[PDB]
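I have placed the structure first, in the form of structure tokens, so that the comments after it can refer back to it.
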Amino acid sequence: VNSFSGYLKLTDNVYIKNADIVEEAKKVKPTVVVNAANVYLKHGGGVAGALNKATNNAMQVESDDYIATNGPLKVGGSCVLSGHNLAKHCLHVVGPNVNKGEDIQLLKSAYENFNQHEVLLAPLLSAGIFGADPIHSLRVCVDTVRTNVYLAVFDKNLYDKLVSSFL
Ligand SMILES: CC[C@@H](CNc1ncnc2[nH]cnc12)NC(=O)CCC1CCCCC1
């Protein structure tokens with residue numbers, strides 16, 4: 003038993019809620035919150051800009067030191083950093099950005115990072131400003147992630163859609 007509330011159960015291991023991941027994060031203090039990162043860890047907008055703002059820019063300061071030491075992530079890759087005031091850890095995961103021409107096949111590789119963590123609070127990778135179809139993203143999530151994932155879909159119209167079309 004864990005502390006997530008109000009989720010709809012999609013499969014054995016995937017759950018979905020209409021929620022603001024920042025607010026869900028501040029209430030659950032999950033062990034892991036997933037950020038929809040880019041390779042430079044420049045958290046300017048979307049989920050990343052919201053998570054970072056909620057940390058009063060501490061996420062960005064930590065991220066800039068990470069990049070200065072290690073260089074950029076790979077598309078499809080990830081790193082574990084602090085969760086600051088939102089979670090124990092933040093798993094920064096880079097899904098492909100269709101608005102940058104990146105290969106959508108890398109979305110499966112991105113979701114594979116979730117399997118290194120038993121339970122995660124996460125957004126749909128490559129959704130929103132990353133330009134992928136959130137329904138395809140949900141299908142890849144369900145078919146790739148084997149650990150327990152709690153998906154927060156900020157928008158209500160899209161949520162209800164994702165549920166109604168789910169196979
Ligand atoms: C689907 C991916 C999410 C990712 N963003 C966040 N997800 C969770 N919590 C957040 N807090 C701040 N941002 C988020 N994007 C949206 O819902 C934007 C609206 C839809 C409307 C339909 C077409 C695609 C864009």
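Residue numbers (PDB author numbering): 3 to 169.
Beta carbons: idealized from backbone N, C-alpha and C, even for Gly.
Relative to the C-alpha of residue i, which residue among the options is closest?
i, options, result
"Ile23", "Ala112, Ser111, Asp162, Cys92", "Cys92"
"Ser111", "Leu88, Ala70, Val95, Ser167", "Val95"
"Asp105", "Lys76, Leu88, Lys55", "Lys76"
"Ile137", "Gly46, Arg148, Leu153, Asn15", "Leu153"
"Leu126", "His45, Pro98, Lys29, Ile69", "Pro98"
"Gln107", "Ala89, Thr149, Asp135", "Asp135"
"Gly78", "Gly46, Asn40, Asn59, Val63", "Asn40"
"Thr149", "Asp157, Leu122, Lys44", "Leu122"
"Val144", "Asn117, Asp157, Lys158, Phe156", "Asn117"
"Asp14", "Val151, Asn59, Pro74, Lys29", "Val151"
Apply the 10 Å Cβ neighbour rule to residue i and answer buried if 16 or more other Cβ atoms are within range, or exposed otherwise.
i, result
"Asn37", "buried"
"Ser139", "buried"
"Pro32", "buried"
"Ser5", "exposed"
"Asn72", "exposed"
Does any heavy atom of ligand 1 sit closer than 6 Å to the C-beta of residue i?
i, result
"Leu160", "yes"
"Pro98", "no"
"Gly47", "no"
"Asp14", "no"
"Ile23", "yes"
"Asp157", "yes"
In whole angstroms, give me the CA-to-CA distance for residue i and residue j.
i, j, result
"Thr146", "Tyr113", "6 Å"
"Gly48", "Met61", "14 Å"
"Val82", "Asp162", "31 Å"
"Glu26", "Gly103", "31 Å"
"residue 171", "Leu160", "Since the first residue shown for the chain is 3 and the last is 169, residue 171 is missing from the structure and cannot be characterised."
"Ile18", "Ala50", "19 Å"
"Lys44", "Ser65", "8 Å"
"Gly130", "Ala89", "22 Å"
"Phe132", "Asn20", "19 Å"
"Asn115", "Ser80", "7 Å"
For ligand 3, any of its heavy atoms closer than 6 Å to the Cβ of residue i?
i, result
"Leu164", "The model on display carries ligand 1 but not ligand 3."
Below 8 Å on the Cβ atoms is my guess for residue i versus residue j; work out the distance and round it to an integer in Å.
i, j, result
"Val34", "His119", "5 Å"
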